[PDB]
Each structure stands twice: as structure tokens, then as C-alpha cells.
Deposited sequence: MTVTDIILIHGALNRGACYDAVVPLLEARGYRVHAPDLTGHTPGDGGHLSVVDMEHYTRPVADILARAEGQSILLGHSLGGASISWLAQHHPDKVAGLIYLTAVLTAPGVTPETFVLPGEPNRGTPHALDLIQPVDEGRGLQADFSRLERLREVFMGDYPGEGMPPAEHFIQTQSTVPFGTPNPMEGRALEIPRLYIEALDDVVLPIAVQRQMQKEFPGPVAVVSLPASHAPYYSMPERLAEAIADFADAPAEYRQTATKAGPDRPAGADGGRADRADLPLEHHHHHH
């Protein structure tokens, strides 16, 4: 019933951040996709090209259109804003949702709620510190004056640093501001949160607060990783993802 698995990158990243994981999930028998979202492919126009969420997430909807059967959507970090948007518009094609230390927001809630300071257990101040606005506020871009700080905060799971194909220079602020449209049929999709216990970008406190605030049950697996478990434990990550695709309703 589930033939496809679609891994979606977070902010300032590209599809290829998942290179360690894609072969591991194809061995489990799945067709695996890790597409660039709109604006995340050098030469496509970058952040200002992204009109809205439908536009941003189109490469995934394109994939889901041609999937033989049902698909699993994994979002990482800000990627969860996309998988929740897609769920609501393609609930007929999605069989499972994986939030990998990802933004899980209740219907009608924007990811801004948990990135900005607030109560209870709201805020991602390491990220806000190292990620900076550009283009009169319509782009985010990392603070390259503090490269070692950038590495220990965002890429410390990598054994060694990652390749240039994993990243873009400027991020659209569109996904940060769009509320979760999930309603009715889409709230029945099984949900799985994969916690990253040692993340300092998205602290475990904020991870758990978003789980507690989403309406309805959310399954949980925990990993002893920081912000990028697809770097430091691709095998354990793949295993969790595939055991969930094998039976999302049960798991």
C-alpha cells in the first residue's frame, strides 16, 4: 500500500542532506525521494521566487501525483510546515507523517509560535541568533562571520564538514508564516515524531511542547542525536522510518 517515501529538507538545506539515508530506505524496498523544494536549487531564483506554500511544496506534490501507491512524508526542522500543508491538500496520497525534530503546529498555528520567544517552552534562540534577515526581511541567511559556531550548532552530527550540495544561501520566509491548514480527513493520518534529544537548534523542551499541543495522538521515537540525525545515525534513522512505513497505523 505504501510504495514511496519522501524526505523533505529544512531551512537553508537541500534534498541531498539525506544522502546517507536514501540507500538505506531503498534496501527496505521503498522508492525514495529527497526533492529540493522551490527555491532550493541554485539557478531557480532563490528565496524571492517562492510565491506561497502551494508553490513552495510543488516538487513534492509532483512526486505524489506519480506515486504508484501511498507515500510517507518526512519533514526535518522547518520541513514539517510543508508536510502538514501537503497532508491537508493530498490526504488521498499520504499514508503517514514523520516529524523529525520538526515543526509540528496545531491547525491554525504558524511555526513562528515556537521559533519566537514565548511560554510555555517556546523559542529557538540559537537559530535566531545565527540566522539573520536579508532583503528587507524577505530572506533568511546564516551568519557566516561565526562559522565554527554555525557548525557546532547546526552540523555537529556530521563526522568531521558537509558538502556544498547540502545547502543554499538564502531561505524564503514563506513557510515560517503560513498556518497549518490541516482539517478533517487529514487529521486521521498517523503521525510520528522522531525526537532529537540533544538538539540545541530545536531544544527537546520545545520538541515535546509541540507534541503536547497538537490535537490528537502523536507517536514518539527518541534518538540520542542533535540537530541532524541523518548525519550521525542514518541506520537507526532509516530503521525507525521504515518500521513506520511498514505499518503507520499500527506502529
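Asker: From the N-terminus onward, what segments of the deposited sequence lack any C-alpha atom in this model?
Answerer: Coordinates drop out over 1, 162 to 163, 255 to 288.
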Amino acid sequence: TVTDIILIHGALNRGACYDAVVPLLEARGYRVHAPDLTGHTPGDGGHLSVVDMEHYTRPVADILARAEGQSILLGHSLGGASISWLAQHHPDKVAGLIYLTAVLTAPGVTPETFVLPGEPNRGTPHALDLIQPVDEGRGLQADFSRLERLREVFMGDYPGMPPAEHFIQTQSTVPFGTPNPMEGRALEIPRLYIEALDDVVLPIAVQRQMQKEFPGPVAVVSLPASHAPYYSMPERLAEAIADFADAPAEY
From here on, numbers count along this sequence of modelled residues.
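Asker: Out of 29 to 37 and 58 to 66, which stretch has the higher average CA B-factor listed in the record?
Answerer: It is 58 to 66.
Asker: Look up the CA B-factors in the entry and say which stretch, 181 to 189 or 202 to 210, has the higher mean.
Answerer: Averaged over C-alpha atoms, the B-factors run higher in 181 to 189.
Asker: Highest recorded C-alpha temperature factor, please, choosing from 164, 74, 161, 147.
Answerer: The listed residue with the largest C-alpha B-factor is 161.
Asker: Choose from 111, 123, 96, 120 the residue with the greatest Cα B-factor as stated in the PDB record.
Answerer: Highest CA B-factor of the listed options: 120.
Asker: Using the B-factor values recorded in the entry, state whether the Cα atom of residue 224 falls in the lowest, middle or highest third among the modelled residues of its chain.
Answerer: Residue 224: CA B-factor falls in the lowest third of its chain.
Asker: Among the modelled residues of its chain, does the C-alpha B-factor of residue 238 lie in the lowest, middle or highest third?
Answerer: It falls in the middle third of the chain.
Asker: Lowest, middle or highest third of the chain for the C-alpha temperature factor of residue 100?
Answerer: As the PDB entry reports it, the C-alpha B-factor of residue 100 lands in the lowest third of its chain.
Asker: With respect to C-alpha B-factor, does residue 143 fall in the lowest, middle or highest third of the chain as deposited?
Answerer: According to the entry, residue 143 has a C-alpha B-factor in the chain's lowest third.
Asker: Which third of the chain holds residue 130 when residues are ordered by C-alpha B factor: lowest, middle or highest?
Answerer: For residue 130, the deposited C-alpha B-factor lands in the lowest third.
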